[PDB]
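In: give me a model of this one.
(chains A and B, ligands or ions: 11)
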Amino acid sequence: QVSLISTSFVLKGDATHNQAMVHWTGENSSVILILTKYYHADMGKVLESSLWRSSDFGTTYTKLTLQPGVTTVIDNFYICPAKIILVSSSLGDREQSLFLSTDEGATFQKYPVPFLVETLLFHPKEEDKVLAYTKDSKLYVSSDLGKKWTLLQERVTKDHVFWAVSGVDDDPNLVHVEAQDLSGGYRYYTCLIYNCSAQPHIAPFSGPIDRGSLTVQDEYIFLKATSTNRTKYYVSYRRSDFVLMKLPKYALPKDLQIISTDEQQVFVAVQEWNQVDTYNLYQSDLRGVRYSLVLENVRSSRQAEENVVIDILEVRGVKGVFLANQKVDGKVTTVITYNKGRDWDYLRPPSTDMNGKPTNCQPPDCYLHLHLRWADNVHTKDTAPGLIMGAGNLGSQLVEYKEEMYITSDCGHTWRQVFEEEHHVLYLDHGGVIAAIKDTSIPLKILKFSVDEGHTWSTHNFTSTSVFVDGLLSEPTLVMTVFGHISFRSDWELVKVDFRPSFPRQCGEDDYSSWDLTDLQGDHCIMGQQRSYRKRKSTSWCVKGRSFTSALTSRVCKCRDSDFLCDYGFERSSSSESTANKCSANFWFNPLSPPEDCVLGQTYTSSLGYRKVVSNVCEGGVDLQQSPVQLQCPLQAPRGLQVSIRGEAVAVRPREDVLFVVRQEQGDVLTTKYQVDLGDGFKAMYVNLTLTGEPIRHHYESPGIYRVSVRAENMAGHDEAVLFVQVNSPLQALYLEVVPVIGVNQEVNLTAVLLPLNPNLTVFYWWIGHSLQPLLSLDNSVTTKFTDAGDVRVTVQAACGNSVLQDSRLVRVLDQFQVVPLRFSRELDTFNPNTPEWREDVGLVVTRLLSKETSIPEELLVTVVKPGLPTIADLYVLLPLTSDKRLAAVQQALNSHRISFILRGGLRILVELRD
Amino acid sequence: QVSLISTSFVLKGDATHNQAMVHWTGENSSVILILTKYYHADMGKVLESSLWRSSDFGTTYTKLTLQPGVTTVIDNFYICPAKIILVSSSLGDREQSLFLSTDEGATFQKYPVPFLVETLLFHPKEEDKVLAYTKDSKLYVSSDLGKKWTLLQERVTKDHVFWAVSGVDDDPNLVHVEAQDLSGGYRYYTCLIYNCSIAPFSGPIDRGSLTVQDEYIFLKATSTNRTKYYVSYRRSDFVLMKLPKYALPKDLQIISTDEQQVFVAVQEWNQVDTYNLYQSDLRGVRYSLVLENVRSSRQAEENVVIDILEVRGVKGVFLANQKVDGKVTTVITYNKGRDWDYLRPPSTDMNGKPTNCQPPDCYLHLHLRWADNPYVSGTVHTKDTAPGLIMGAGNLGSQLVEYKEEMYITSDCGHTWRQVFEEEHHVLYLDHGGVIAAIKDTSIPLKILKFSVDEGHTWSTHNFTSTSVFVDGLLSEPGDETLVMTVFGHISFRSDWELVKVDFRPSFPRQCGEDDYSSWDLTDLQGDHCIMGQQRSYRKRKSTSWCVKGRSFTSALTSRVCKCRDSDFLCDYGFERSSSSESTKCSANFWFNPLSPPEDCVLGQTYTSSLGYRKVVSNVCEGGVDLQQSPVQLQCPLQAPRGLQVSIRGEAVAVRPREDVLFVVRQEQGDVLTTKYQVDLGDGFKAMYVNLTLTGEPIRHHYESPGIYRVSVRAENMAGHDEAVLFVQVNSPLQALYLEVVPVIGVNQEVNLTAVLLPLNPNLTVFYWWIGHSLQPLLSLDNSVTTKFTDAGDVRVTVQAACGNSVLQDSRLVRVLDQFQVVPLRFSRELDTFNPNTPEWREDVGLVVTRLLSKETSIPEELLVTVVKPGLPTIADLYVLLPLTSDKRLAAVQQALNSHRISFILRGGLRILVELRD
Ligand SMILES: *[C@@H]1O[C@H](CO)[C@@H](O)[C@H](O)[C@H]1NC(C)=O
Ligand SMILES: *[C@@H]1O[C@H](CO)[C@@H](O)[C@H](O)[C@H]1NC(C)=O
Ligand SMILES: *[C@@H]1O[C@H](CO)[C@@H](O)[C@H](O)[C@H]1NC(C)=O
Ligand SMILES: *[C@@H]1O[C@H](CO)[C@@H](O)[C@H](O)[C@H]1NC(C)=O
Ligand SMILES: *[C@@H]1O[C@H](CO)[C@@H](O)[C@H](O)[C@H]1NC(C)=O
Ligand SMILES: *[C@@H]1O[C@H](CO)[C@@H](O)[C@H](O)[C@H]1NC(C)=O
Ligand SMILES: *[C@@H]1O[C@H](CO)[C@@H](O)[C@H](O)[C@H]1NC(C)=O
Ligand SMILES: *[C@@H]1O[C@H](CO)[C@@H](O)[C@H](O)[C@H]1NC(C)=O
Ligand SMILES: *[C@@H]1O[C@H](CO)[C@@H](O)[C@H](O)[C@H]1NC(C)=O
Ligand SMILES: *[C@@H]1O[C@H](CO)[C@@H](O)[C@H](O)[C@H]1NC(C)=O
Ligand SMILES: *[C@@H]1O[C@H](CO)[C@@H](O)[C@H](O)[C@H]1NC(C)=O
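Out: Residues are numbered from 1 along each chain as shown, chains lettered A, B, ... in the order given. Ligands and ions are numbered 1, 2, ... in the order given. Next comes the structure:
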């Protein structure tokens, strides 16, 4: 039937558990390395590790050791890109080291680290240059494989550091960094490896960022500037000057993310409305500035704190094929596109299986749907062209219950069902053999494999003892590796499976049949290019070889309506109801308007509403090219005219050096008339004020309110600016008028007396007591009560102009008391100022006389003569019943016995009860 | 009958008019000078002058001239005090000069002036030292009779410059000046001849430096709420003057600091009418009440006057006018202000029926210093150069009036009053009150002359001249010990002056002997001889004796002391008399008690408290016993903390985080050495200090988190306990604001203005709203306001916001229409799903709607305005302007809305519709 070999190997170290990282190194070397690492729970995440090395297809592993003292290698060991050099890092309790090897891990030389470690990053082409992120947010660099080190930046952000492009930027030693400047600022720096001392420079002028520097592998550079009202986003093509990215003007953005800047254009996702659910997919032009709509809604989750994810996948086998998941209402649908985002379509159902009754769904009512990147407790692989295998549902939407493994071998044109429940999938020999293992918690020893692209499957016992399946790997050939811990023991075991005994013959050039790449409409001209791949013949058993030849038949097509899409500000009308696709101009934008900050001398390029698909290679010249070659920019009218006083302004005292400053925005080319009126008769006309750079002096004589009016007049437009100023300076003193003592739940009339009588514009801050934030009042008087007893501080603050006066006063709040009203004589009013000291002394003398006439305690009588113009008094009698005797005694000592007052020479005042 | 000589002289220069100044010079010289000056009307006041000199009792005047070019000497020529030196000043059009003479005006030497002139001032004793006030407010000085000059100060105040005392201050070259410092400050300088400056304490002043001839010095410090006044005795440290604590003062004025005490007048309540007369102690600090109400007017702009007069004949006799309700009464005192009494009526005259007033119902009243003259003349001044002679005009009844002016006199210092003249008369004393001359003050010409030799009991008339003369002025020989009178005036408007020198010496050839005088004991209205604890007796010339009182007059020879009695003591600071006067004792008033310590009593010093009684200052009664009440109280306790104040440097309104905040603390009433200063800045920073107010250095702090904080300070002593609080706010960031307003709306339509700020709900914000033509804005605490527009056209609406100490401001232009028609508009429900409140979205939607309406009706586009409102349900208003045929347009628009659907392509495959709205 079949023919294969299985070789098992157990890691002899029984002290093995948790995780492991297995990696090959180089081609035509046959050397494999394994790192067995032990994680820790309860937020510990501390590690213990062991190293294994093989040099014979992974059949004999030796456990490597380093010195009598065993160094604990951390999880991350870094290989050199493109060049076989290995670096291992170690971490303990605040003590670290490194190990270097240039002999495929044969001789590890130890070196120390004079700093912490978090991650590393090599150079794309230079094998010996590498930089390091120090855990306390530092950036070091080394050009000698990390033997010696030097310092660069000290406040770098997490994982926003990138090397220069190999092909672009002309400089291989550039380092783009994002770092914290000032207190609460972030800026984008650019240094060199050897000289970062004073050589860096700043490409963006302003340089504020909320941690969002991003430069993808290709030629584009991005920047995210946070602002006051609405944030902005800038872009740089070929490291040129930055330009503000053009999004839909009124589709306001919240967050955005760069999905893929592949080939010559950019794909971005922008969440418009804060649904925390749906994103919109937009596509740019060559420079990455003019963005247009592509897809409406896509799923979005926040798995990690800083990392968000968007349900979209590029098929790496065929360039220009994308899959996505939309969410409308509460329904999750799946769509796929071959036109690189122009037109999306649903998935074609298979309607067949090994146990598939054909009563299942038809096109019109329910389709196929797939789980892309989200696994509600999934892998979709694509290493070979046209082979797309994944788990999904089949119906009107996706659900969490059903997980069925479907596959397609012709890039989505023909779908077929294979497995029930999820299965780990592995391709071998450029999609020559497809292996699958059931993902489950129970142990097993089975193995599914297919040779005819998923049409006929075969089972085989690859081992004897059942093993828990942990992972599958393949050679950078037909060597498969299955690693996992067995049922009985808890130690690791690897099984190397060799399919090379079967079909030993090498494929010739005539052993493949041609398969033309089509779409769901049967059209061959995809992206203006007819493509055809090679598929192994069913009646042929051979190995596809060291290098696979495919996509040999590639022809060009003539340009058609399907090869053009809408530009910035244009959308498809009626969903192409009339005939075919038509890009009509939406309401918000018209092609007449100039772009933001068009400066004279430069030339912006407007569009007619149609643009060729980027990287489409159809026969150009004719066929609705619509290349405008529009170079123009018009003269600007005076806009954003601003007038102010030097500093924070809006406060003046008479006879003071007031300095007025004026500023403009759009342009200084035209001669401008500046008419100026300062509201006090001073009329004056000036010219070239914004270009002169000199302020205007003025001194106001009379206190009052004034209005400054300025008019800027040109041949293009006409603008006006106004500024109201107040000159109200003198504030001498204030006073808080308040009763010195009052009972609980009694209405208190607080008053704020100022030096000028009823000032026109005053604000009052009132501080009651324990409550911190004060009350705002426009009137002099307020009314308040006291629920608590004891002593309370009442504070008042006033500020007419830019000067503040403030006064506090302590008041007593009683509880056990009796109230007695008191009339005074009429003559006293002729010698009664509102001075509180006079009132206090009058109350003291009245209390003294009452104590002399009743022989009762003096501290138990409180006299308050009030602030009213008619002299009215209140007598509070405390208890701490016998209180009736004291009350009667006081009433008799008031009525029957006159309480006399010697005010001035020959003037007597009397006090009695008050109705 | 009588015997006298009259010698007339006419200034031969017929070109003479306007004014003249006549002055003598020296004794035993017989030299007189006259300066005839000609003023000019119509705000000109430019002068032309001539000089006359005589050397024989004014019988032969020579018109002096100086050089071929006649220099016009201005009004002021200055003589040397005490020393015969004369200085003349000249003025032209910005060119001046001076003339000096040391030979009684025999040889005038000319010198120039390198500056302007306004007034001069000599030294009390140094004849060659003199200072000058330059018109543009400068002060120059010269020690060589004004030949050479040097500069002192450049911003001096008008007539507040004084020389040092001759007896006091130990320094003769001191100059006390008041000058303007900084911008809007005034200070008191003390300068010397060689260079100018301050040794004594000083501050801000509102032009009120005053140093009377005697040993006292005063100062008036203006403050914020209530001003203060300081005093300095014998040029010592200044002390705050003690007035009644609750009798609040408005203005005060120093009347007389004569002998050993001070008299001040203080207006308590702003009646612009009555002042209160107060008396001080030796140092001039503890003031007590003396008199209640006195008249007060503002005749000149800077000069005020108070109706009170000191009798220069007898020290300690004062006259005053009180005003109660609307009645003006007159009072006099002999006790130097202790007890006042009304005037005794005469009840007799040459034509005096005795039915006139009696004591109980109506008295005598006199016009002291006030001349209410609706008609011609009527000006009254009461003079007293001789002891006991007081002559003046007044009324007789219950009060003073403007009508009646009758000249009364008293020769025994107010004990016996007598009526003399009807209507006013100029009066002149000769030979220490030996001959009394009088001339009727009137507009008509006259040639009569009244004179009396028996102290105003028998009067005689005499034709002193032949032709009737207009009476201009009267003068006498220096010393007032001769009998030469001089009457000057122009005769019958003959355009020239005439002087008449009258000599009474023929009738009085004898020199008085020591036995030609009779004794007159000085008494009061009660007949008591012990006045001021001193029996006094003066000399009066006998009626049967014709002699000249002589070069020097001997009087008050009998002066004996009396034993101290109740009448020789008065109340001290804070004590008043019980019941009323002339009835029933210095009792302590309510506001002050003798327990309290004085202001700023420092440990180690000893203040002297009082019992409520003090001896009349300068009373020389037999002391030792008789209620002396000399306490000899030397003690001082520690003072409690009073007037604790805490603030930020300057007028800090608001603060931003991470800023240099400087806190300052100060005390006022009293100072204490050991002091606890507890301090809490409301952000966890607790700290205790000592000697904060004495160090004088602020405290630095930087707030980190924005918010509101409270600074609390506590001063703790063994005497008391004080606390000071200061609330501060740190609310700095204001990024941007926006005025949300409909771009256009009709007349009398309710407009909802809104002010959007960067924070959605800022806690404490004030909003200033500027509607349009009205200047003063409206104040608001809420974001939104509602207003209308009565006028049409274009209107600017402005809004201003200020949370902390930062201001944001935004304006917007709105259109107000008149000829319009309103159409409501429903939008589709789907549109609400893509409708943000961004105004640009709304404006573009309105623009597209207007475009489609213009395409569907072919009517003008500018006459259709679409406003889609800010409401969450999308509602639109369409305004159709006229500048009838408007019905056709309205019907066309309604049909183009209903019958023809107005489509809107929002997004790919989404159509919106608009129609009419119920
Ligand atoms: C690598 O190995 C393959 C097959 O083993 C061989 O064809 C190839 O030539 C080798 N590479 C080189 C550079 O020789
Ligand atoms: C960089 O610095 C080194 C010294 O550290 C110096 O020799 C070299 O010339 C510098 N290179 C540049 C480009 O500044
Ligand atoms: C400045 O003023 C000159 C003449 O007043 C005018 O020609 C010019 O256009 C103005 N603006 C400039 C130089 O930018
Ligand atoms: C003052 O208190 C009285 C009595 O409680 C109250 O009627 C009045 O409204 C208060 N406020 C005033 C008078 O402004
Ligand atoms: C002035 O002269 C007279 C007459 O000789 C003489 O009595 C008198 O004493 C002189 N004056 C003085 C101040 O001596
Ligand atoms: C005048 O001189 C004194 C001491 O000679 C000096 O203190 C003072 O400052 C001088 N005046 C001025 C204005 O400098
Ligand atoms: C002046 O004298 C004449 C007689 O010589 C006399 O009739 C007259 O009354 C006197 N008085 C006046 C004012 O004429
Ligand atoms: C505190 O202030 C007093 C002044 O009352 C001073 O005498 C003393 O030396 C000061 N102590 C200090 C500064 O330590
Ligand atoms: C008010 O001020 C406090 C500062 O303590 C701040 O935390 C709060 O956000 C502000 N606004 C409201 C509505 O409390
Ligand atoms: C103004 O605002 C109020 C709510 O504060 C609303 O009820 C009213 O309809 C608004 N009126 C206009 C004319 O906008
Ligand atoms: C931001 O700008 C919009 C205009 O698009 C304005 O309506 C709004 O008031 C501004 N401020 C805030 C806080 O949104």
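
In: the stretch 401-550 of chain A against ligand 5: which residues are in contact?
Out: Contact residues of the stretch 401-550 of chain A with respect to ligand 5, defined by CB under 6 Å from any ligand atom, are absent. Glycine gets a C-beta too; all of them are placed from N, C-alpha and C.

In: for whatever residue of the stretch 401-550 of chain A ends up closest to ligand 7, what are its contacts?
Out: Ranked by CB to the nearest ligand atom, the top residue of the stretch 401-550 of chain A for proximity to ligand 7 is residue A:527, at 141.2 Å. If you count contacts by CB atoms under 8 Å, 6 or more residues apart in numbering or on different chains, residue A:527 has them with A:320, A:339, A:340, A:563, A:613, A:615, A:616, A:617.

In: the closest residue to ligand 8 within the stretch 151-300 of chain A: how many residues sit nearby?
Out: Proximity of the stretch 151-300 of chain A to ligand 8 (CB to the nearest ligand atom) peaks at residue A:183, 37.9 Å away. Close neighbours of residue A:183, defined as other CB atoms under 10 Å in any protein chain shown, add up to 6.

In: sec struct for it, please.
Out: Taken by DSSP: H, G, I helix; E, B strand; the rest coil, the conformation at residue A:183 corresponds to coil.

In: with residue A:849 instead?
Out: Going by three-state DSSP, the secondary structure assigned to residue A:849 is helix.

In: tally of neighbours for the nearest residue in space to it that is not next to it in sequence?
Out: Counting by CB to CB, 6 or more residues apart in numbering or on different chains, residue A:849 lies nearest to residue A:899, which is 5.0 Å off, once chain neighbours are set aside. Burial measure for residue A:899: 18 neighbouring residues, criterion other CB under 10 Å.

In: for residue A:899, give me its contacts.
Out: With contact taken as CB under 8 Å, 6+ apart, residue A:899 is in contact with A:846, A:849, A:850, A:853, A:893, A:910, A:911.

In: on that earlier part again, which of the contacts of residue A:527 are buried? Put it as a ChimeraX command.
Out: For anyone working in ChimeraX, the buried entries among these, judged by 16 or more other CB atoms under 10 Å in any protein chain shown, can be selected with:
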select /A:320,339,340,563,613,615,616
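
In: residue A:286 against residue A:614, yeah?
Out: Yes. Using CB atoms under 8 Å, residue A:286 is in contact with residue A:614, at 6.5 Å.

In: common neighbours of these two, please.
Out: Taking CB under 8 Å, 6+ apart as the criterion, residue A:286 and residue A:614 both touch A:264, A:265.

In: flag every residue of chain A that's near ligand 4.
Out: By CB under 6 Å from any ligand atom, the part of chain A that sits against ligand 4 consists of A:747, A:749, A:781.

In: gap between the last one and residue A:752?
Out: Which is residue A:781. If you measure residue A:781 against residue A:752 using CB to CB, to the nearest Å, the figure is 8 Å.

In: give me the more crowded residue out of the two.
Out: The residue with the greater number of neighbours, taking residue A:781 and residue A:752 and applying other CB under 10 Å, is residue A:752; the counts read 23 against 11.

In: so where do the helices sit in chain A?
Out: Secondary structure of chain A (DSSP state H): helices at A:689-692, A:836-854, A:883-895.

In: now tabulate those in TSV and tack on mean neighbour count.
Out: What follows is those, written out as TSV (neighbours: other CB atoms under 10 Å in any protein chain shown):
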stretch	mean neighbour count
helix A:689-692	15
helix A:836-854	17
helix A:883-895	14
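
In: go through those helices and name the closest to ligand 5.
Out: In terms of CB to the nearest ligand atom, the element of the helices of chain A nearest to ligand 5 is helix A:836-854, at 60.5 Å.

In: so what does the closest one touch, helix or strand wise?
Out: Using 3 or more CB pairs under 8 Å, 6 or more residues apart in numbering or on different chains; DSSP states H and E, the elements in contact with helix A:836-854 are strand A:861-864, strand A:872-878, helix A:883-895, strand A:899-902.

In: go with 10 Å
Out: Contacts of helix A:836-854 with other secondary structure elements, assessed using 3 or more CB pairs under 10 Å, 6 or more residues apart in numbering or on different chains; DSSP states H and E, are made with strand A:734-737, strand A:817-824, strand A:861-864, strand A:872-878, helix A:883-895, strand A:899-902, strand A:908-913.

In: dump those to TSV, plus distance to residue A:458.
Out: As requested, the helices and strands packed on helix A:836-854 are arranged in TSV below (distance: least, CB to CB, whole Å):
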stretch	distance to residue A:458
strand A:734-737	97
strand A:817-824	102
strand A:861-864	106
strand A:872-878	104
helix A:883-895	108
strand A:899-902	121
strand A:908-913	117
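
In: tell me how many other residues crowd residue A:379.
Out: Residues within reach of residue A:379, counting by other CB under 10 Å, total 16.

In: which residues touch it?
Out: With contact set as CB atoms under 10 Å, 6 or more residues apart in numbering or on different chains, residue A:379 has these partners: A:371, A:373, A:389, A:390, A:391, A:405, A:422, A:423, A:424, A:425, A:426, A:439.

In: tell me the buried residues in stretch A:464-484?
Out: Along stretch A:464-484, these residues count as buried under the neighbour rule (16+ other CB under 10 Å): A:467, A:469, A:472-475, A:478-484.

In: any idea where the strands of the stretch 201-350 of chain A begin and end?
Out: With DSSP state E, counting those that start in this stretch as the definition, the stretch 201-350 of chain A shows strands at residue ranges A:220-225, A:232-237, A:243-244, A:255-260, A:267-271, A:280-283, A:292-295, A:300-301, A:309-310, A:312-314, A:322-328, A:331-337.

In: dump these to CSV, plus distance to residue A:162 and mean neighbour count.
Out: Below are the strands of the stretch 201-350 of chain A laid out as CSV (distance: least, CB to CB, whole Å; neighbours: other CB atoms under 10 Å in any protein chain shown):
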stretch, distance to residue A:162, mean neighbour count
strand A:220-225, 9, 21
strand A:232-237, 13, 18
strand A:243-244, 20, 15
strand A:255-260, 13, 17
strand A:267-271, 18, 21
strand A:280-283, 23, 22
strand A:292-295, 26, 21
strand A:300-301, 25, 17
strand A:309-310, 21, 17
strand A:312-314, 21, 19
strand A:322-328, 25, 20
strand A:331-337, 30, 19
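
In: ok, and the closest non-adjacent residue to residue A:459?
Out: Taking CB to CB, 6+ apart as the measure, residue A:459 lies nearest to residue A:446, with 5.7 Å between them; neighbours along the chain are not counted.

In: hmm, residue A:461 and the one you found touching each other?
Out: Yes. When contacts are counted by CB atoms under 10 Å, residue A:446 is listed as touching residue A:461 (6.9 Å).

In: circling back: where's the residue nearest to residue A:849 relative to residue B:276, distance?
Out: Shown here: residue A:899 relative to residue B:276, a distance of 28 Å by CB to CB.

In: surely residue A:9 meets residue A:491?
Out: No. Look at residue A:9 against residue A:491 with CB under 10 Å: they stay out of range, at 11.2 Å.

In: list the contacts for the residue minimising distance to the centre of chain A?
Out: To find the centre residue of chain A, average its C-alpha atoms and take the closest one (CA atoms, centre = their mean): that gives residue A:255, at 6.2 Å. Residue A:255 makes contacts with A:212, A:224, A:231, A:269, A:270, A:271, A:272, A:274, A:279, A:300, A:308, as judged by CB under 10 Å, 6+ apart.
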